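Structure, as structure tokens:
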Amino acid sequence: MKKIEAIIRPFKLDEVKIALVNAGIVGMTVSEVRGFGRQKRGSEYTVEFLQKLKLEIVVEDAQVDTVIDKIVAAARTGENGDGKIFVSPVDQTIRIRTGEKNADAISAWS
Amino acid sequence: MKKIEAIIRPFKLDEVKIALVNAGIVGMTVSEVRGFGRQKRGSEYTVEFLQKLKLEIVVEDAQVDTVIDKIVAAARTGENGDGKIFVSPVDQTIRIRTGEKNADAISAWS
Amino acid sequence: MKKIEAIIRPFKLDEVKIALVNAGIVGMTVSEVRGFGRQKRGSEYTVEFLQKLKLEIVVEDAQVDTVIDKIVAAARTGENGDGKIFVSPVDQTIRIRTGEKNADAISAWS
Ligand SMILES: Nc1ncnc2c1ncn2[C@@H]1O[C@H](COP(=O)(O)OP(=O)(O)OP(=O)(O)O)[C@@H](O)[C@H]1O
Ligand SMILES: Nc1ncnc2c1ncn2[C@@H]1O[C@H](COP(=O)(O)OP(=O)(O)OP(=O)(O)O)[C@@H](O)[C@H]1O
Ligand SMILES: Nc1ncnc2c1ncn2[C@@H]1O[C@H](COP(=O)(O)OP(=O)(O)OP(=O)(O)O)[C@@H](O)[C@H]1O
Ligand SMILES: [Mg+2]
Ligand SMILES: [Mg+2]
Ligand SMILES: [Mg+2]
Numbered sequence: 001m002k003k004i005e006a007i008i009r010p011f012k013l014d015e016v017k018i019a020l021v022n023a024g025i026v027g028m029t030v031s032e033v034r035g036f037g038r039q040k047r048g049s050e051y052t053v054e055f056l057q058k059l060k061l062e063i064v065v066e067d068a069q070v071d072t073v074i075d076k077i078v079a080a081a082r083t084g085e086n087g088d089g090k091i092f093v094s095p096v097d098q099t100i101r102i103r104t105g106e107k108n109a110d111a112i113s114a115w116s
Numbered sequence: 001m002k003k004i005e006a007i008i009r010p011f012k013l014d015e016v017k018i019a020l021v022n023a024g025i026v027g028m029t030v031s032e033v034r035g036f037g038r039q040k047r048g049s050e051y052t053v054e055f056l057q058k059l060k061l062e063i064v065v066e067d068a069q070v071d072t073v074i075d076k077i078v079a080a081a082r083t084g085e086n087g088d089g090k091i092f093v094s095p096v097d098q099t100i101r102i103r104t105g106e107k108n109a110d111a112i113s114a115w116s
Numbered sequence: 001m002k003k004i005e006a007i008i009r010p011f012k013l014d015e016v017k018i019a020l021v022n023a024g025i026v027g028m029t030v031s032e033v034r035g036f037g038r039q040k047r048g049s050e051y052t053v054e055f056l057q058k059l060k061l062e063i064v065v066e067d068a069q070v071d072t073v074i075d076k077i078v079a080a081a082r083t084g085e086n087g088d089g090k091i092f093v094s095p096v097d098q099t100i101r102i103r104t105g106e107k108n109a110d111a112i113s114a115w116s
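Chains as they are written, first to last, in the deposited numbering: chain A, 1 to 40, 47 to 116; chain A', 1 to 40, 47 to 116; chain A'', 1 to 40, 47 to 116. A prime marks a further copy of an entry chain.
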């Protein structure tokens, strides 16, 4: 199991969501965040942090590469600021209503 | 050390908090998020993302199973949408005020 | 690659940002959160969760100790509530605009 955390442009949420759902994703969490990247000592009057959305998608390992490709293709515009993806390990997943775990708590297959 | 990330119904925060504190938890972070799960191509007029709270609780490994059980018991209602828990590894924890690490930065025992 | 998650006092954002940028950091994400720590059964009228900012900084492993030290030095005040840092593994990083990975998606060196 892995967590895919994708930081995207806010306007891209629905395009990314549709891509993910059509690829078989059946869960995801979205956070409002602000950030900076490489910015191709500070100011008291201006703000370097830009609004983004943080998508968190917990998947099985066999899904990761597909998910990444779907996100990148849907989120990209070609302009600096398109976002960044971080993949990290997940040890266990539990569905609260039922107590089901791992693939049972993630998968479209029940 | 592990991070327990629990996505719960907003109204359940205080019931879950009380359960955790009574089980000996002495730290946690809460985020406002939106999400979807299995939803037992999109719309321009309606919103599939539902408001939830993201609880992040960093614990020692011996605490994990207890914490999960306390969260599930307090958060559950039986209706779809009760939430989901993800456990992930933590390599190091540091308390900023003192520089203490790991168990010293987590534990109720000082 | 590691994720450094630093929970800090809101007023400290710019001091911490400046320290990180001067140490060579060229990316970070900030979240509004609420939390509690050790609090040196609840109430219906009062709120134990305190506003904090969650900084997420994905770095290469050689940067971690420097980053931690910069954060702690900039964020500390000496009063309870100064914050907490969690370090966790990252398996892969992808820049959305270009598809670059790992160090190429993190580093100041291109
Ligand atoms: N190393 C990082 N750690 C944590 N968050 C980051 C990091 N780099 C970028 N981010 C997040 O991703 C968002 C988008 O970054 P952005 O797309 O500008 O990256 P970039 O490296 O500057 O690439 P580009 O050249 O395409 O702009 C940032 O606003 C921030 O929220
Ligand atoms: N795989 C996932 N990855 C990331 N976040 C998820 C995932 N699945 C669910 N979530 C988060 O958990 C919240 C609650 O999900 P929910 O309880 O509806 O899960 P479910 O799998 O549909 O189970 P149920 O049948 O009990 O509804 C979602 O709104 C989202 O924030
Ligand atoms: N174990 C934990 N898991 C998750 N978040 C935590 C944990 N401990 C603290 N936090 C987060 O860090 C914030 C700051 O905690 P705080 O600095 O009060 O920690 P503390 O352990 O009480 O240390 P101090 O004695 O310096 O107050 C909390 O409000 C919460 O957001
Ligand atoms: Mg950029
Ligand atoms: Mg559901
Ligand atoms: Mg405290």
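Don't be surprised by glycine CBs; every beta carbon is placed ideally from N, CA and C.
DSSP places residue 60 of chain A' in the uninterrupted beta strand (DSSP E) bounded by 56-65. For residue 2 of chain A', the three-state secondary structure derived from DSSP is strand. At a cut-off of 9 Å between beta-carbon atoms, residue 33 of chain A makes contact with chain A''. Here residue 56 of chain A is near residue 87 of chain A, since their CB atoms are less than 9 Å apart. For the 9 Å CB-CB criterion, residue 64 of chain A' and residue 104 of chain A' do not form a contact. The straight-line gap separating the alpha-carbon atoms of residue 59 of chain A'' and residue 27 of chain A' is approximately 15 Å. It is roughly 7 Å from the alpha-carbon of residue 114 of chain A' to the alpha-carbon of residue 24 of chain A'. Any heavy atom of ligand 3 within less than 6 Å of a residue's beta carbon puts that residue on the list, which reads A':27, A':28, A':29, A':62, A':63, A':64, A':101, A':103, A':112, A'':7, A'':33, A'':35, A'':36, A'':37, A'':38, A'':56, A'':58, A'':86, A'':87, A'':88, A'':89, A'':90.
For residue 8 of chain A, same chain residues with a beta-carbon under 8 Å away, outside a window of 5 residues either side, are 16, 58, 59, 61, 77, 81, 88, 89 in chain order. Assigned with DSSP and collapsed to three states, residue 96 of chain A'' falls in coil, not helix or strand. Of all residues in the region 81-95 of chain A, only 81, 82, 83, 84, 85, 86, 87, 88, 89, 90, 91, 92, 93, 94, 95 come within less than 9 Å of chain A'' when Cβ atoms are compared, listed by chain position.
For residue 106 of chain A', no CB of chain A lies under 9 Å from its own CB, so it is not counted at the interface with that chain. Put simply, of A:10, A:51, A:109, A:11 the residue whose alpha carbon is nearest the alpha carbon of residue 69 of chain A is A:109. Between ligand 2 and residue 99 of chain A, a heavy atom-to-CB distance of less than 8 Å is present. With 16 or more other Cβ atoms from the protein chains shown falling within 10 Å of its own Cβ, residue 101 of chain A counts as buried. If you look at residue 15 of chain A, you'll find it in the alpha helix (DSSP H) that goes 13-22. Closest option to residue 72 of chain A'', judged by alpha-carbon separation, among A'':11, A'':14, A'':13, A'':22: A'':22. Between ligand 6 and the CB of residue 40 of chain A'', the shortest heavy atom gap is smaller than 8 Å. Contact of residue 103 of chain A' with chain A is not assigned, every C-beta pair being separated by 9 Å or more. The C-beta distance from residue 49 of chain A' to residue 97 of chain A rounds to 36 Å, too long to fall under 8 Å, and the pair is not in contact. Secondary-structure assignment with DSSP links residue 9 of chain A'' through no beta bridge to anything. Residue 92 of chain A' has its Cβ nearer than 8 Å to a heavy atom of ligand 2. C-alpha of residue 10 of chain A' to C-alpha of residue 75 of chain A: approximately 33 Å in a straight line.
Interface annotation, residue 26 of chain A: not in contact with chain A'', CB-CB separation never under 9 Å.
Residue nearest to residue 19 of chain A' within the set A':79, A':40, A':3 is A':79 (criterion: CA-CA distance).
Contact with chain A' is found for residue 30 of chain A, since one of that chain's Cβ atoms lies less than 9 Å from the residue's Cβ. The closest CA to that of residue 13 of chain A, considering only A':35, A':3, A':111, A':39, is found on A':35. Along the region 54-65 of chain A'', going in chain order, the ones with a CB nearer than 8 Å to a CB of chain A' are 54, 55, 58, 60.
For residue 78 of chain A'', the C-beta contacts it makes with chain A' under 8 Å involve 100, 102, 105, in order along the chain. In the displayed model, residue 26 of chain A'' falls within coil according to three-state DSSP, outside both helix and strand. Between residue 33 of chain A and residue 116 of chain A'' the beta-carbon gap is near 24 Å, outside 8 Å, which marks them as no contact.
In the DSSP assignment, residue 112 of chain A'' falls within the unbroken alpha helix (DSSP H) covering 109-112.
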